[PDB]
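Presented below is the structure to which this report refers.
2 protein chains.
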Amino acid sequence: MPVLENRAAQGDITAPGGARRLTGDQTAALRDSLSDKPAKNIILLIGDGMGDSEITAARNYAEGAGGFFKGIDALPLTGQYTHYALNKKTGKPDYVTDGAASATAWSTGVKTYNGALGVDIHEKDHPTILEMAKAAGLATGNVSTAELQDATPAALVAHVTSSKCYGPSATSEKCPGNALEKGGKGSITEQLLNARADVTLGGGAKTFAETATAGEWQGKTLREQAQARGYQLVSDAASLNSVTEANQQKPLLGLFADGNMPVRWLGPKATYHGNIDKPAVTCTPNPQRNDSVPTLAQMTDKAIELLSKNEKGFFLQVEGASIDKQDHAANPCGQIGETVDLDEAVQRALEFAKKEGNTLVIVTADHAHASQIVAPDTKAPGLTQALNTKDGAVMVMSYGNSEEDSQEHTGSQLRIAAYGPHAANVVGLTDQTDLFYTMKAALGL
Amino acid sequence: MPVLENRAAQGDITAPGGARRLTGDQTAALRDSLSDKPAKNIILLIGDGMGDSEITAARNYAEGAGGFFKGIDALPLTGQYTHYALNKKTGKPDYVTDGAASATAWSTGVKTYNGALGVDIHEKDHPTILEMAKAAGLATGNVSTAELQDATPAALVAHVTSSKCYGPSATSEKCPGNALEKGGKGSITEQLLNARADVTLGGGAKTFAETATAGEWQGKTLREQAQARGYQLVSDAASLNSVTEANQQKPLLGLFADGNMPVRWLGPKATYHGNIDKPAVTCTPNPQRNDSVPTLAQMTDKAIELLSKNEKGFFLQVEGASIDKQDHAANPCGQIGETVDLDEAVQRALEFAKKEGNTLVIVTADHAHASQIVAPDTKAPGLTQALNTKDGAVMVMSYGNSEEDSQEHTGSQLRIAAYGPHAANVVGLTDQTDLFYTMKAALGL
Ligand SMILES: [Zn+2]
Ligand SMILES: [Zn+2]
Ligand SMILES: [Zn+2]
Ligand SMILES: [Zn+2]
Ligand SMILES: [Zn+2]
Ligand SMILES: [Zn+2]
């Protein structure tokens, strides 16, 4: 069970065979990649919106066309999975999912309607993979660059009828069957605190300033409630670093931003005819992203350091969330940079799994998104931008699917990749619900 | 070695686990797909423009969201491959390839510039896989639904500086160094007639009416040259069925249309705000396609029959050409119908390979295209269309990347899948030029 140690172009891309990514026959190395033994641990990295177009754009920009991601591209067992949602009313396929339905699909193994967290079309709760791991005595972690109430982390720890039900105020008014004062389990935040994973790291500090409307902690802020229940609170990179354990007695909660955590790269918004009317853009670092905000990789390493102390095993989900968020924003530099943030975190996970030898690492996305790579001279009706790549060549990206100021998701099947025990369950055509069952079987749940 | 006999949804898509495509662990089934033994035959099926988006849109429409292509989705060993071209002047990546450069990349194993057939950026001729297979003593076939001078068939049999150089008339004017009356190898058609593949089936009849400017067949039509050299010429489905053998004495040449062969399904072109302003479309049969035109599946059937008499082995390429041609045209019914036509041919190929036991079948595209699956209510700046699927739900497709008649290719890496000996070399991230070297090492050339 190796990783792909290198799959860049092997020489001159203008000569015969110098664009090859393979040195020799792969049959031998693939046989050695196929193990059916238990997974002691699972690390699931999700790139929100990170379909094949978004993977290719970021490789082309940051590593060159012939380049190779030392995390993202290093996982040997690849396939394509479908992530279609359901219409709540009919029960038939909705071909473009949101993040709540898609994340619910892998977390719970049941399809659902757009905006649903941990509930089916019938609005009934199902147990998540995190919840099942915790019941089994495994350590758990939920890490995201987004608000911890974002669809992607919330799907592991909350069951609500709409994904907008962050805190009491919104839950009371949009998920009244889930609201705490109507006898429901609570808001996404209140449920997150009931879920009590060992490590929970991301943004979303703001909704912890809400007070509970009922229950044991009525009048307490949710920040105060977390502390009342014995959670360790950390707010920055130095405090995250200094935590020495995390468990059911001292569960860790890192709140690293008010909303979403700040993206690493800056560049202009793509504009109508923007590849024709602007100079090619080079991305810079984001000079508002303070140095004390931990990166996705730093959060991953600390999570692995704490979780790997449970001898029975652990389950860890890590989301590179603002890939999607910038793809909505039509901001190529932000998008590509957040794909780089995810590559770094994959490397940490893959490095871990090489050493430990019984960990299953899975890298995929929740759905496909808007950005396409198009020709230098393309006259498109949407938002475009020319970019200066590592190859010293112009790449143009287009966002062509909305007139309203959010570039929208797409329905294409997209890459899923895996390394370690049970990776075979990712090859060929699968559905996102199969991913729940893959993880279940590998952990012995 | 096993084929994926069924990977549809396994029950109620709304119930727990009823969207699953996997019935149990795949580790053992994937071990039994891995052989290092030599391939006696190869079938390379190319969907022109058939990216993951194109595949998903066609499955959604024709089989349903939880559906499954008995051909396209049945190949067990999957990955993603990169298909970037080069700028001719610089030798740097060009991120969106045409069909000529991409086909040249798998057919010769050297990257090239858009518009190039069988030549590098320096205009130097390189041998193709078809040419090599023949020289090694294996039978050869080249089947396409396009003109036999389209980039995809031409890159197996011609070495010209521009893909426009169809016959003498064009070659003298745009490829004056390859023109026959200047000491060149000839037009695309003239080089096809020289290459002398055992089976060649498609369209492009009209270029055979052009007459030659020099050489042995000066002053006779290219058609007459084909007759004088001992080709069996066939024009319809009845004539094709009547052929009993193909070989170097009697090579077969099927010319089934002036230009491209007619597409199977009809629909309206997508229009600005077409999902909002026009009714949901259901695809019908194409009235303009006589039953005398053989289908891609029928052409594949005959080619397999005639090539399989060579005990030493054969190489066959089959292109579903008009997936791309119609995706350019912003026509969901044309594109989807052609994707289904290709599925039928892939089925023929896998059925052959499962019984013969030493055949390597590969399905992929030359590049990705424009069509995106978007939300029912999308308000896009491009051309949209709502379609009534097999599920009984509306799917919308969007074409958002051009402002001219022709919608444009994209640069996203796309699915590549294989079955049979040496199919392991398709898994992970590969480049299009690796496909050349995979085939070459599979045949032992
Ligand atoms: Zn998402
Ligand atoms: Zn998310
Ligand atoms: Zn989104
Ligand atoms: Zn093409
Ligand atoms: Zn073609
Ligand atoms: Zn094309």
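Sequences listed follow chains A and B, in order. Numbering-wise (the numbering used here), the first sequence opens with residue 1 and increments by one. Numbering-wise (the numbering used here), the second sequence opens with residue 1 and increments by one. Note that CB positions come from ideal geometry on N, CA and C, so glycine has one too.
Cα-Cα, which of B/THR23, B/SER308, B/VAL293, B/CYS333 is closest to B/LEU201?
-> B/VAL293
- Task: On a CA-only basis, which of A/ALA370, A/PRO262, A/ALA368 is nearest A/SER322? Give me that one, please.
- Result: A/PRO262
- [ ] Look at B/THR410 and B/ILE46 and say whether their C-beta atoms are less than 8 Å apart.
- [x] no
Is it buried or exposed, B/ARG31, if we count other Cβ atoms within 10 angstroms and call 16 or more buried?
exposed
By the three-class DSSP mapping on this structure, what secondary structure does B/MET395 have? strand
Please confirm whether B/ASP36 has its beta-carbon closer than 8 Å to some beta-carbon of chain A.
yes
Checklist entry - Any beta-carbon of chain B closer than 8 Å to the one on A/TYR231? => result no
Opposing strand residues paired with A/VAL119 [DSSP bridges]: A/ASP125
Pick from B/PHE69, B/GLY66, B/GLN10, B/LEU77: whose alpha carbon is nearest that of B/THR27?
B/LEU77
Practice task
Along the beta strand (DSSP E) that carries B/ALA375, what are the first and last residues, could you check?
Solution key: That residue, B/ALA375, is in no beta strand (DSSP E); it is neither H nor E in DSSP.
Check your understanding: DSSP beta-bridge partners for B/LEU252?
Key -> B/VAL199, B/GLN232
Counting only Cβ pairs nearer than 8 Å, list the residues of chain A close to B/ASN87. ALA393
Around the C-beta of B/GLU216, are 16 or more other C-beta atoms found within 10 angstroms, so that it is buried, or is it exposed? exposed
Let me know the beta strand (DSSP E) ranges lying completely inside the stretch 302-342 of chain A, each 3 residues or longer, listed in chain order.
314-320
Is A/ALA417 helix, strand or coil when you go by DSSP? strand
- Query: Is A/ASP405 near ligand 3, in the sense that its beta carbon is under 7 Å from a heavy atom of that ligand?
  - Reply: no
| message | Is A/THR152 near ligand 8 - that is, is its Cβ less than 7 Å away from at least one heavy atom of it? | response | As presented, the structure is devoid of ligand 8, carrying ligand 1, ligand 2, ligand 3, ligand 4, ligand 5 and ligand 6 as its sole ligands.
In chain order, what are the residues with a CB under 5 Å from some non-hydrogen atom of ligand 1?
-> A/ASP48, A/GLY99, A/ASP324, A/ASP366
Can a CB atom of chain B be found closer than 8 Å to the CB of A/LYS250?
no
Residues in the stretch 423-436 of chain A having any Cβ partner in chain B nearer than 7 Å: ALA424, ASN425, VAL427, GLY428, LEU429, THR430, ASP431, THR433, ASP434
Counting only C-beta atoms, is B/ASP52 closer than 8 Å to chain A at any point? yes
Report task. Quick one: give me the first and last residue of the beta strand (DSSP E) that A/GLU147 is part of. Result -> 139-147
* A/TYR95: buried (16+ other C-beta within 10 angstroms of its C-beta) or exposed? -> buried
Taking 7 Å as the cut-off, is the C-beta of B/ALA321 nearer than that to any heavy atom in ligand 5? yes
- Below 8 Å between beta carbons: does that hold for A/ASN142 and A/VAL157? yes
- Message: Counting only C-beta atoms, is B/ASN60 closer than 8 Å to chain A at any point?
- Response: yes
* Is the stretch 277-288 of chain B touching the stretch 105-114 of chain B, taking contact as three or more C-beta pairs under 8 Å? -> no
Looking at B/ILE188 and B/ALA154, is the spacing between their C-beta atoms short of 8 Å? yes
**Asked** Is A/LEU222 closer than 8 Å to A/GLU173 when the C-beta atoms are compared?
**Response** no
Exercise. Where A/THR295 and A/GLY203 are concerned, what is the direct C-alpha to C-alpha distance, given to the nearest angstrom?
Worked result: 12 Å
> In chain A, what lies closer than 7 Å to B/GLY17 by C-beta?
Replying inline: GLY109, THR433, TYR437
**Message:** Quick check on DSSP: helix, strand or coil for A/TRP265?
**Reply:** strand
Cβ shell of B/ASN286 (< 8 Å), same chain only, five flanking positions each side left out: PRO262, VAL263, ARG264, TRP265, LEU266, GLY337
- Query: Does DSSP put B/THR90 in a helix, in a strand, or in coil?
  - Reply: coil
Exercise. So does B/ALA146 have its beta carbon nearer than 7 Å to some heavy atom of ligand 5?
Worked result: yes
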